[PDB]
Amino acid sequence: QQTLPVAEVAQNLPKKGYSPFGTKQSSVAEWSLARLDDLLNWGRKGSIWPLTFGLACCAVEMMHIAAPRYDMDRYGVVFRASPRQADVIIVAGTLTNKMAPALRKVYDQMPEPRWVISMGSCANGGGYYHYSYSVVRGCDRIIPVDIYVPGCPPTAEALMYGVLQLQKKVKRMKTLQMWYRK
Amino acid sequence: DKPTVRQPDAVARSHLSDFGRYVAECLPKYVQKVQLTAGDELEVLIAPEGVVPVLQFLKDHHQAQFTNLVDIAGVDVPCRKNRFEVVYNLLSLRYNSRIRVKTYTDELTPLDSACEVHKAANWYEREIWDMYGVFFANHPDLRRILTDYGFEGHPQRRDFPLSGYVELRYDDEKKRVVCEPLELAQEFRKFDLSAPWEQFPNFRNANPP
Amino acid sequence: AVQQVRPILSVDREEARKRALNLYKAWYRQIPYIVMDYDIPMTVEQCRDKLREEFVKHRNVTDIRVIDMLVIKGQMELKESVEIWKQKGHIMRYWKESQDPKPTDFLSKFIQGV
Amino acid sequence: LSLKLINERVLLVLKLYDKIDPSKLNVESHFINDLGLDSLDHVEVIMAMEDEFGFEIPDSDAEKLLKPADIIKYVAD
Amino acid sequence: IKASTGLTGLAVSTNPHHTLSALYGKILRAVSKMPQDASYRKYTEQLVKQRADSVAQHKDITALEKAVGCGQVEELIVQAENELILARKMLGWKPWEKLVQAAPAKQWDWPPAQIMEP
Amino acid sequence: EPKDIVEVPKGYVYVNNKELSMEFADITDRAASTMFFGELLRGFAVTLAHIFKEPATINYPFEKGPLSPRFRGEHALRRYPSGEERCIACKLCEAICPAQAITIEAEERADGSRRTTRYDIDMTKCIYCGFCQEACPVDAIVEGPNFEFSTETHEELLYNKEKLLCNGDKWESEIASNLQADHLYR
Ligand code: SF4
Ligand code: SF4
Ligand code: SF4
Numbered sequence: 040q041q042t043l044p045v046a047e048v049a050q051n052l053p054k055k056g057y058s059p060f061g062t063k064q065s066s067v068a069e070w071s072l073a074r075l076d077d078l079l080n081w082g083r084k085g086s087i088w089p090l091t092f093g094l095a096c097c098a099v100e101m102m103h104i105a106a107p108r109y110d111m112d113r114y115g116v117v118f119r120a121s122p123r124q125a126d127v128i129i130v131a132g133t134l135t136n137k138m139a140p141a142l143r144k145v146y147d148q149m150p151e152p153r154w155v156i157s158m159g160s161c162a163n164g165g166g167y168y169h170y171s172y173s174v175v176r177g178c179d180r181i182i183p184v185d186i187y188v189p190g191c192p193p194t195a196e197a198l199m200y201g202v203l204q205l206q207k208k209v210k211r212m213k214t215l216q217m218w219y220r221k
Numbered sequence: 045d046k047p048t049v050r051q052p053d054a055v056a057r058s059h060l061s062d063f064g065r066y067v068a069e070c071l072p073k074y075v076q077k078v079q080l081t082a083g084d085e086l087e088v089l090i091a092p093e094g095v096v097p098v099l100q101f102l103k104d105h106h107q108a109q110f111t112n113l114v115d116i117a118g119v120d121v122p123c124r125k126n127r128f129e130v131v132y133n134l135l136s137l138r139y140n141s142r143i144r145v146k147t148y149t150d151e152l153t154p155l156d157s158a159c160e161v162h163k164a165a166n167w168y169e170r171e172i173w174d175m176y177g178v179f180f181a182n183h184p185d186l187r188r189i190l191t192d193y194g195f196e197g198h199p200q201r202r203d204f205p206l207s208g209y210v211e212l213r214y215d216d217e218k219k220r221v222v223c224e225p226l227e228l229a230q231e232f233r234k235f236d237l238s239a240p241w242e243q244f245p246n247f248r249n250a251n252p253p
Numbered sequence: 010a011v012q013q014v015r016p017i018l019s020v021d022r023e024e025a026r027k028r029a030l031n032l033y034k035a036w037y038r039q040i041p042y043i044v045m046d047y048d049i050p051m052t053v054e055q056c057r058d059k060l061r062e063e064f065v066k067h068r069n070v071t072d073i074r075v076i077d078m079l080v081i082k083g084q085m086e087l088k089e090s091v092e093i094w095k096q097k098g099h100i101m102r103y104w105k106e107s108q109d110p111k112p113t114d115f116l117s118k119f120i121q122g123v
Numbered sequence: 070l071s072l073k074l075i076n077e078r079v080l081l082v083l084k085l086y087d088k089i090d091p092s093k094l095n096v097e098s099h100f101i102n103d104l105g106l107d108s109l110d111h112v113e114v115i116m117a118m119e120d121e122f123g124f125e126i127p128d129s130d131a132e133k134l135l136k137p138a139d140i141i142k143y144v145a146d
Numbered sequence: 005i006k007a008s009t010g011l012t013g014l015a016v017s018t019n020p021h022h023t024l025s026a027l028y029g030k031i032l033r034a035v036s037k038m039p040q041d042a043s044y045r046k047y048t049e050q051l052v053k054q055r056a057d058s059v060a061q062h063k064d065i066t067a068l069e070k071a072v073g074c075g076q077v078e079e080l081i082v083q084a085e086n087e088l089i090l091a092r093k094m095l096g097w098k099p100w101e102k103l104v105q106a107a108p109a110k111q112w113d114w115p116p117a118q119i120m121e122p
Numbered sequence: 032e033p034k035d036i037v038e039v040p041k042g043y044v045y046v047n048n049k050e051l052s053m054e055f056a057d058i059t060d061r062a063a064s065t066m067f068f069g070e071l072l073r074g075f076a077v078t079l080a081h082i083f084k085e086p087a088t089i090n091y092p093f094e095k096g097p098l099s100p101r102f103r104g105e106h107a108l109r110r111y112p113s114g115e116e117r118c119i120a121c122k123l124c125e126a127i128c129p130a131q132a133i134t135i136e137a138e139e140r141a142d143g144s145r146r147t148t149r150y151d152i153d154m155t156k157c158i159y160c161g162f163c164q165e166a167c168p169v170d171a172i173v174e175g176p177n178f179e180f181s182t183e184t185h186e187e188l189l190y191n192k193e194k195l196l197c198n199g200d201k202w203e204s205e206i207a208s209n210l211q212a213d214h215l216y217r
């Protein structure tokens, strides 16, 4: 595994910079799109609206992320009810067969760009009920998953770390910069 | 003198023993057997037809007043000819006691619903039909309560595979979830948890023919 | 080898035959509603065949109690389909569309493997 | 009551019905023996006939119907 | 008069002495129709006398409840309304007869599925 | 104070038992609140008061925790100070795992020591119960302190032995400190 740089070696490395695309763009047009691409990502990154799914006993720890101790809202994360206004879905709990068509539909109704987070073992791979006769073995069978948060339930910080991974994943989208090459 | 062993509650044992006999005289037609469990809990084994009568008797009689019906558990035992057993757990608030009524039924034979006596058994009976497949005659509207819509079979019978026969997946051709024959990445690994040496000698000769 | 038993719904095969036909009525009446209220590819004629195809599955059944149970379960689905509690996916579950044909001839199975 | 109008309707149902031939399409023809229709098919016809006539035949009324003669007479009601 | 029964949906009773007396009177008539050797007839007939006399013996409902225990007078009525239903229903079942269904072999055997050696 | 509609026995507390007084001194008191929003007034004082408290939020990730040494997190196969792996493929952990999340295949090593050629944990099936670390007779498998290992792919959540061993080296210092401060209880 790639280990972190030592202090002395890191003592020379240049400051990272904010944009993951750097300021090394050859042309003006490319550079403007790169900077303009950051503006989109800065927007979507800032305000990520979950859907308030809350299926099973991960759902309780999905409340304590909104509790004052950790305060999801500090990061611009605001819970919402309608899937139209919701941007992210946190599938937290055991997605049984009876639910499975309902999650698919609710996910479909969510407008793009939509990212899915899988909370806990139940939604990751079927978890403790993996072999049950009425459990979908992981929600990735039904909807694409963008971040997997392990745990049972994941700690509140663990989910917070998951959300920040989604911000970083959002931060590095190349929606515009890849249109130029296309 | 020995702390680890649980201390039996003799006073509660004494009352249940005598009242256990009392039921046997009042309901000879139905009460097949009455036995006091090792947990100092009373069990009343009745014939299949005596469900509604016996339940009515325990709820309405002055001495019983088992007003509160707590559960209806179903047990599947393929060995027996009437493989399905149904157990009622009743509570008597006035007398502060619990009694169990058991009955046996086959795959097909219906079992008289007890919504009348205790209409708390509206859903419990629905569950039993769904999980095991025991039909309850005269029920208001029998219908699956737990399993998926159109789920075929009755999962909690011991003759039903643990993982079921069919999984679900999303098929982007059909734009909907579809059911396929089951296919597990890792099988359920059995473990043979069988002891070769008998440990409880008291039950070796129990239940003579 | 006969035994005394408690009837389920009917007492005679003729009554059982009578009940089963009613279930065919109610389904055959209901197909036009199911097509409208479900976003599924199948048409009324296709479905009306599926009703015929499956009532034929239980062609050799003889015991009245078994026929009663098939009619109890058969009726339960119709109520769950007369209502739209069953979702779009469940209705099409009667066709097994996702599962592709498995050849039956020996040579094809052998080449395909077990 | 308008027997010819009734007769042509009843026999139209059969011809309009598929899995049947217009041969032997007489009033005396027997559904399950002469016409040789499955007992399911039999239900399909008569209960399709209710659509053209706009009636509603209970089973105990529907069971009697064994021939177009039985139907056409019963239809007269 | 009690201000309130203390239980939601249970109303204070006017003339509980009369209502109980009628109910106990009715029960003894329904029980009378049962065969003499029926053990249920022997017990309720013995019991209802013990409740019935106390109802007439005492004229103060608070004293009545102590004399009988077994809950408030309102509940005493609620109880009495049941054995009418039980006693009436049980004249149809005839439970005193012999065991309706002889138990099958091994139908109450635990633990199950063991070879039995003759 | 008004009276109680139902007399209270011993060892019981009632929530709505006191009746409502009908003296003008009290009716006016109820009327005044019902008429000038008196009940809601104190409700507004309370909520405003909370403006003047330090909020209990933590500036994660710069500040975080607190936890305890017993915390159950990501797994890791420890090894002896010599460097040799502790696990001897006894398979107690596999047999006790409620989720059957563990798969082990063992073989007589070249030097002849009982050891594993395979040790896989399916982190999407584990429940972090901790029975594996209680059953291990040589403390080979432990639930390390780490709880920040979310991935972007399902496959990356299936740990094989090399991944587990790497964790047992990255996290070795902290695990050895938790075991020392906690083994006596266990
Ligand atoms: S993963 Fe664990 S905590 Fe989450 S819903 Fe499943 S059992 Fe509950
Ligand atoms: S913590 Fe529990 S479920 Fe997870 S691997 Fe260990 S024993 Fe298995
Ligand atoms: S219990 Fe410990 S020693 Fe045994 S197989 Fe598991 S990790 Fe190895």
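Protein chains in written order, with UniProt numbering: chain A, 40 to 221; chain B, 45 to 253; chain C, 10 to 123; chain D, 70 to 146; chain E, 5 to 122; chain F, 32 to 217. We treat Cβ as the ideally placed atom computed from N, Cα and C, and that holds for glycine.
Where does residue i fall in DSSP's three states?
i          : result
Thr-78(F)  : helix
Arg-146(F) : strand
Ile-172(F) : strand
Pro-240(B) : coil
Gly-118(B) : strand
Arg-102(C) : coil
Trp-202(F) : coil
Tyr-45(F)  : coil
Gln-79(B)  : strand
Any heavy atom of ligand 1 closer than 7 Å to the CB of residue i?
i          : result
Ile-158(F) : yes
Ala-95(A)  : yes
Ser-181(F) : no
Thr-133(A) : yes
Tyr-167(A) : yes
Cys-197(F) : no
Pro-192(A) : yes
Please indicate yes or no: does the CB of residue i lie closer than 7 Å to some heavy atom of ligand 3?
i          : result
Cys-128(F) : no
Got a sec: does ligand 2 put a non-hydrogen atom nearer than 7 Å to the Cβ of residue i?
i              : result
residue 225(F) : Because residue 225(F) is not part of the residues shown, which for chain F are 32 to 217, the question remains open.
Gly-161(F)     : yes
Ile-133(F)     : yes
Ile-152(F)     : yes
Item to check | Whole beta strand (DSSP E) elements within the region 50 to 130 of chain F, 3-residue minimum | outcome: 106 to 108
Checklist entry - Residues near ligand 3, CB to any non-hydrogen atom under 6 Å, in chain order? => result With the criterion CB distance below 6 Å from any heavy atom of ligand 3, the matching residues run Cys-118(F), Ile-119(F), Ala-120(F), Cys-121(F), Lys-122(F), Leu-123(F), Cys-124(F), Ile-135(F), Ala-166(F), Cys-167(F), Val-169(F), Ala-171(F) and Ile-172(F) along the chain.
Next on the checklist: Along the region 82 to 107 of chain B, where does the CB come closer than 8 Å to a CB of chain E? Name the residues.
Outcome noted: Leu-89, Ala-91, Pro-92, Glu-93, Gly-94, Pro-97, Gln-100, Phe-101, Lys-103, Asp-104, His-105, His-106 and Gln-107
Item to check | Ranges of the alpha helix (DSSP H) found wholly within the region 141 to 208 of chain B, counting only runs of at least 4 | outcome: 165 to 176
Checklist entry - At which residue ranges does the UniProt domain "Complex 1 LYR protein" (30 to 89) of chain C contain complete alpha helix (DSSP H) runs of 4 or more residues, listed in the order of the chain? => result 53 to 66
Next on the checklist: If the cut-off is 9 Å on Cβ atoms, which residues from the region 85 to 98 of chain C count as contacting chain A, listed in chain order?
Outcome noted: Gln-96, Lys-97 and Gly-98
Next on the checklist: Taking beta-carbon pairs under 8 Å, can you tell me which members of the region 36 to 58 of chain F lie near chain E?
Outcome noted: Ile-36 and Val-37
Item to check | Proximal residues, the region 218 to 233 of chain B versus chain C, C-beta separation under 9 Å | outcome: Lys-218, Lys-219, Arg-220, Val-221, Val-222, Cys-223, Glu-224 and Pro-225
Next on the checklist: Beta carbons nearer than 9 Å to chain C: which residues of the region 106 to 140 of chain A have them?
Outcome noted: Hits within the stretch, in order: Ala-139 and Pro-140.
Item to check | Within 9 Å of chain D by C-beta, residues of the region 21 to 34 of chain C in sequence order | outcome: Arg-26, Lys-27, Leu-30, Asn-31, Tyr-33 and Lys-34
Checklist entry - Between the region 145 to 178 of chain A and chain B, which residues of the former have CB atoms less than 8 Å from a CB of the latter, in chain order? => result Cβ contacts with chain B come from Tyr-170, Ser-171, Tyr-172, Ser-173, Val-175 and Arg-176.
Checklist entry - Which runs of the alpha helix (DSSP H), 4 residues or longer, sit entirely within the region 16 to 51 of chain E? => result Complete alpha helix (DSSP H) runs here, min 4: 20 to 36.
Item to check | Residues within the region 74 to 100 of chain F neighbouring chain A, beta-carbon criterion of under 7 Å | outcome: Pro-86, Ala-87, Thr-88, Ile-89, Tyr-91 and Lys-95
Checklist entry - Of the residues that make up the region 198 to 210 of chain B, which ones have a beta carbon closer than 7 Å to any beta carbon in chain I? => result Reference to chain I is not applicable here, since the protein chains of this structure are A, B, C, D, E and F.
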